[PDB]
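Colleague: mind folding the following:
(chains A, B, C, D, E, F and G, ligands or ions: 35)
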Amino acid sequence: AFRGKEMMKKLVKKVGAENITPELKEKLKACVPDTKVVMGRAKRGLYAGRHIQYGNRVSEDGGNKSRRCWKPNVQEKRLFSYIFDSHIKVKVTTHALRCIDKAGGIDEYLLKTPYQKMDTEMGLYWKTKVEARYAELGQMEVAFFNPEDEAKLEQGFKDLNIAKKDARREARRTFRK
Amino acid sequence: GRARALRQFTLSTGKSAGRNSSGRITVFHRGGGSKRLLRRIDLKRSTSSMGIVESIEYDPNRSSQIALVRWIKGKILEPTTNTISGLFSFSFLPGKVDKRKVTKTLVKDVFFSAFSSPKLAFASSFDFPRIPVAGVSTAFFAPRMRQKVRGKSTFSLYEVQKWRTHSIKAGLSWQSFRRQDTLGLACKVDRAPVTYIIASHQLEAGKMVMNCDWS
Amino acid sequence: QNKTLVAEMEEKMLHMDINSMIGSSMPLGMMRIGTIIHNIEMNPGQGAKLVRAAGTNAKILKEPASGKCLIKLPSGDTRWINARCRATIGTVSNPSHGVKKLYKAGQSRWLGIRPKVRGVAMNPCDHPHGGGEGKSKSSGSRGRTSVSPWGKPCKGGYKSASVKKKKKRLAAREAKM
Amino acid sequence: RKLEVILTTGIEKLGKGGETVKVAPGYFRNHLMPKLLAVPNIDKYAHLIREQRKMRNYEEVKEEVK
RNA sequence: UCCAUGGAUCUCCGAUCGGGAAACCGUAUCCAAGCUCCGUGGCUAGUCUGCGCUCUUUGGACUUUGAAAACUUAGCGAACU
RNA sequence: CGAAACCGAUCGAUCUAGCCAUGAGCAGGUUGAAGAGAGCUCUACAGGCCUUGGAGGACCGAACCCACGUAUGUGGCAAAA
RNA sequence: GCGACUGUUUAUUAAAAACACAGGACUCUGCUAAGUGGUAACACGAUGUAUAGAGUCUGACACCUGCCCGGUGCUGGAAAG
Ligand SMILES: [K+]
Ligand SMILES: [K+]
Ligand SMILES: [K+]
Ligand SMILES: [K+]
Ligand SMILES: [K+]
Ligand SMILES: [K+]
Ligand SMILES: [K+]
Ligand SMILES: [K+]
Ligand SMILES: [K+]
Ligand SMILES: [K+]
Ligand SMILES: [K+]
Ligand SMILES: [K+]
Ligand SMILES: [Mg+2]
Ligand SMILES: [Mg+2]
Ligand SMILES: [Mg+2]
Ligand SMILES: [Mg+2]
Ligand SMILES: [Mg+2]
Ligand SMILES: [Mg+2]
Ligand SMILES: [Mg+2]
Ligand SMILES: [Mg+2]
Ligand SMILES: [Mg+2]
Ligand SMILES: [Mg+2]
Ligand SMILES: [Mg+2]
Ligand SMILES: [Mg+2]
Ligand SMILES: [Mg+2]
Ligand SMILES: [Mg+2]
Ligand SMILES: [Mg+2]
Ligand SMILES: [Mg+2]
Ligand SMILES: [Mg+2]
Ligand SMILES: [Mg+2]
Ligand SMILES: [Mg+2]
Ligand SMILES: [Mg+2]
Ligand SMILES: [Mg+2]
Ligand SMILES: [Mg+2]
Ligand SMILES: [Mg+2]
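Modeller: Residues are numbered from 1 along each chain as shown, chains lettered A, B, ... in the order given. Ligands and ions are numbered 1, 2, ... in the order given. The structure is reproduced below:
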């Protein structure tokens, strides 16, 4: 209920209301998520829009009705990230895991999914961080080498490794001395 | 008291009387005993040593007996290469080809300022990702920023990298990474090491005690 | 003063073995068949857990096979323990603890034991055994066994299905070893 | 359900490198993805693998043919 | 006396600098800049320069959003009858 | 006009039941457990007597704690004396 | 006669032969123990480890404790259906 407005108030108070023109306000109104999330633990995980549900449990012969709930299939997992070169520990539903499979990884899911669908302030933070790192990677290039240079640089690295080992052992024995 | 326990191994704890954190009884028929102090016992004994049994004492916290033991043992021309066999540029990995910032204020700049620090990055904390170099992993590579004017081909030994074969790391957390991004926010003659151990049967003072390690 | 004691142990090492070093601790892989031990670790380097009460001891039955030993515990059950886990040679001290007896009610209060009321001396609001006029156990020729205050039986070999499943899983894992 | 992946090296029963193959999601997500033995079959990574393998295997073919 | 407008002074809790038996206690925030007075050190000694704090002006560093009847939109949701 | 009751949300362990921490209290007088030590006795340990000793949900009995019997009181001195 | 004993109990009509008790037996628990409370985290059990923890019945001490697994529970079992 009015989650978009309560998140927009926090973002405005962080960034300064003088900084934003009315067109930027109109554009920022359409990126802040306006979804219905009430449960506390869904604001701390990647649930992809699954929520709890409260309903009736009905008996077979008598038809008697008593309250019950359906919970999403939350699992705690480690997902590999290509630009961070490491695992991220999340609490994902299997629905979110299947969407990650379709997208091609957690990073590609964060890039592909727009801002309104992230559902969460932490989701906005993570999408922003991954986008900034990919924009950093978008301005780099690598240069490869010929096998003769491969051999030359391998020999140079061997020389520096053995010289560093000799100097470290000499420094250790002289400090012992 | 006749024999106060050693003050370096005495700890103080209260009684629960079967009451949990909520204050309600969970274990019945307990409470109202005598006062006790807790003794710290070496239950690991992982350090390999030699000892002399000094005394056998009384421990109210357990049925057996404990024993105090004192322990008696334990600048060169680098291969600068000017020849490159090919250039690969990561310009489609963002997924959307766009220009580079240093001006209108944009949504991405607003979200960068709203989640930035309270007061390039491809080094130190995380370094170069392995993905870039995935078509051929055992090849020496030199990452460099793409320049508007054509760059130089001179490459020293410090600027060339190769993931060896060891790497074909740590792990971030989804909800507790923002806080960490935010800045983190023999002795002398008058001394003798002693420990408390569980005494065995037929173990009196003056005897030898061994701790053995794998061989 | 200390080197003399080390030298005396070194001379006595000819006359003793690992099975006549009462009170010494060594890993289970170094011991022999028929060794009487106590204070067995379950995980290497965690601490002694298994045989710690007064007068109790365990016995080694089998040599290390695939790095595991078979040990007979004071309850009579046999277990397969990792051979890198330490133990202590001998029997735990004060073996006469189980034959001493009290003579008055206050000796139980000195140890912190409060009085215990039988369930047959209660009301139906408190115990499943309570109720009835005169001395009565509140089940007849069509009742049930003796029960705990929360309804579970306590005679005839009853144990809960969780414990049955866990012990069956452990025994089926230990049979293939 | 199965996934499409692109091999970066030679896996014994899967095939040679540079080739798209179908694997189980639990195989790819837990084994091949963290060890960089396969990449998802999306267009950016297919282009990356194709060009890098072209540049290196140009040298490899130049050495092997002559 | 009184009225209109503008000013000077303007204790404390609620309450937010920290603690707390509400109306009490403890508190020179921190760091660059340039200016009168102050004291001390050093020169070949004359419109000679170089070191400090206290208090003053202008910025920027930390954070203090905050109340409120009914209406609105959401979550959970009885029993008597 | 009138129930006994049922349900939701809060207030109560300053009385009372149990427990935790830190303090305090028990006039006076008896009885004499274990242990220990001189003269007898045993091959010798061991045993008997005597001396010492001061244990106990021990004995008698005030302060203190309780409330077993009778009488008084019954809008009482008192909704329990 | 009843209860072995010292104790405890219906504040305010019942202090007892009722409750407790030291002692006896049976069943479960191999330690991330069983058991208890909570949706869960977690806590007690326990900085304990089968000479230990929990449940049930009987109730010092002496002599004893016979027959029945058809019933109600509890428990073990390779298959076929
Ligand atoms: K009882
Ligand atoms: K009750
Ligand atoms: K009964
Ligand atoms: K009864
Ligand atoms: K009754
Ligand atoms: K109804
Ligand atoms: K006395
Ligand atoms: K009797
Ligand atoms: K009485
Ligand atoms: K009673
Ligand atoms: K029967
Ligand atoms: K039967
Ligand atoms: Mg009992
Ligand atoms: Mg009754
Ligand atoms: Mg109850
Ligand atoms: Mg019942
Ligand atoms: Mg009867
Ligand atoms: Mg009958
Ligand atoms: Mg204040
Ligand atoms: Mg409002
Ligand atoms: Mg009803
Ligand atoms: Mg309260
Ligand atoms: Mg209170
Ligand atoms: Mg006295
Ligand atoms: Mg007395
Ligand atoms: Mg009373
Ligand atoms: Mg008669
Ligand atoms: Mg009695
Ligand atoms: Mg008496
Ligand atoms: Mg009495
Ligand atoms: Mg009464
Ligand atoms: Mg009475
Ligand atoms: Mg615990
Ligand atoms: Mg009875
Ligand atoms: Mg019988």
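Colleague: going forward, measure contacts between C-alpha atoms and count neighbours the same way
Modeller: OK.
Colleague: any bit of stretch B:193-204 sitting next to RNA strand G?
Modeller: No: counting by C-alpha under 7 Å from any atom of the strand, RNA strand G has no neighbours in stretch B:193-204; the shortest distance is 9.2 Å.
Colleague: could you tell me which residues of chain A lie near chain D?
Modeller: With C-alpha under 8 Å from any C-alpha of the partner chain as the criterion, chain A comes near chain D at residues A:80, A:101, A:104, A:105, A:146.
Colleague: the residues you listed: which two are farthest apart?
Modeller: Across the residues of chain A next to chain D, the longest distance by C-alpha to C-alpha is 37.5 Å; it joins A:101 and A:146.
Colleague: one step back: out of the residues of chain A next to chain D, flag the one nearest to RNA strand F.
Modeller: Each of these was scored against RNA strand F by C-alpha to the nearest atom of the strand, and residue A:101 proved nearest at 42.7 Å.
Colleague: burial measure for that closest one, as a count.
Modeller: As a burial measure, residue A:101 scores 18 neighbours (other C-alpha atoms under 10 Å in any protein chain shown).
Colleague: now swap in the one 3 residues further on and tell me
Modeller: The number of residues packed around residue A:104, counting by other C-alpha under 10 Å, is 20.
Colleague: doesn't residue D:43 make contact with it?
Modeller: No: taking C-alpha atoms under 8 Å as the definition, residue A:104 is not a contact partner of residue D:43, at 10.5 Å.
Colleague: OK, now which residue of chain D is nearest to chain A?
Modeller: residue D:40 (5.7 Å; C-alpha to the nearest C-alpha).
Colleague: residue of chain B nearest RNA strand F, please.
Modeller: Closest approach between chain B and RNA strand F, counting by C-alpha to the nearest atom of the strand: residue B:32, at 3.6 Å.
Colleague: which element is that residue on?
Modeller: Mapping residue B:32 onto the secondary structure by DSSP states H and E places it in no helix or strand at all.
Colleague: leaving out sequence neighbours, find the closest residue to it.
Modeller: residue C:112 (5.1 Å; C-alpha to C-alpha, 6 or more residues apart in numbering or on different chains).
Colleague: count the neighbours of that neighbour for me.
Modeller: The burial count for residue C:112: 18, using other C-alpha under 10 Å.
Colleague: so it: helix, strand or coil?
Modeller: coil (DSSP: H, G, I helix; E, B strand; the rest coil).
Colleague: chain center to the lengthiest helix in chain B: distance?
Modeller: Among the segments of chain B that qualify as a helix by DSSP state H, the longest is helix B:107-114. In this view, helix B:107-114 has its centroid 35 Å away from the chain centroid, taken as C-alpha atoms, centre = their mean, to the nearest Å.
Colleague: hang on, residue B:52 is in a strand, isn't it?
Modeller: Yes: the assignment for residue B:52 is a strand, going by three-state DSSP.
Colleague: coming back round to it: so which bits of the longest helix of chain B are buried?
Modeller: Neighbour-count burial for helix B:107-114 flags B:110, B:111, B:112, B:114 (criterion: 16 or more other C-alpha atoms under 10 Å in any protein chain shown).
Colleague: ditto for stretch A:88-99
Modeller: Counting neighbours by 16+ other C-alpha under 10 Å, one finds that the buried residues in stretch A:88-99 are A:88, A:89, A:90, A:91, A:92, A:93, A:94, A:95, A:96, A:97.
Colleague: helices of chain C, start to end?
Modeller: Going by DSSP H, chain C shows helices at C:3-12, C:106-110, C:161-175.
Colleague: quick one: those as CSV, columns for distance to ligand 3 and mean neighbour count too.
Modeller: What follows is these, written out as CSV (distance: least, C-alpha to the ion, whole Å; neighbours: other C-alpha atoms under 10 Å in any protein chain shown):
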stretch, distance to ligand 3, mean neighbour count
helix C:3-12, 67, 12
helix C:106-110, 27, 14
helix C:161-175, 29, 11
